[PDB]
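Structure, as structure tokens:
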């Protein structure tokens, strides 16, 4: 080796698949997240197509962009492993009531 690009290419090889996957993953999870955040779009004004067609240009880059800053956030997150949990198995029988 000798240049930095050489090394960067290595990480990018595994990061590219991530920055590209996040677009689908984040969108796949957002469906459920929407319930928590509960921040829907503005009332129907002007033209939903005018904003939907114009936003597509922003959301495109935003998909990967937002992921960039997220990398810093995820770095500092609370771990939820090895915690008290319950398993309501009886529900399987109660629900049946057989």
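Taken together, the values in this text are just the output of simple stated rules run on the coordinates, not laboratory data.
Of note:
- In the range 14-55 the Cα-Cα distances spread across 5 Å bins starting at 0 as 6, 17, 15, 16, 22, 14, 6, 2, 1 percent of all pairs.
- The percentage of C-alpha pairs in the range 28-98 whose separation is greater than 17 Å is 74%.
- Annotation: extensible slack from residue 53 through residue 94 equals 9.7 nm (criterion: 0.36 nm per residue apart, minus Cα-Cα distance).
- Computed [θ] at 222 nm, deg cm²/dmol, the chain (DSSP H ≥ 4; -39,500 (n - 2.57); rounded to nearest 500): -24000 deg cm²/dmol
- Highest-MSF residue in the chain out of 19, 62, 88 [GNM, Cα springs under 10 Å]: 88
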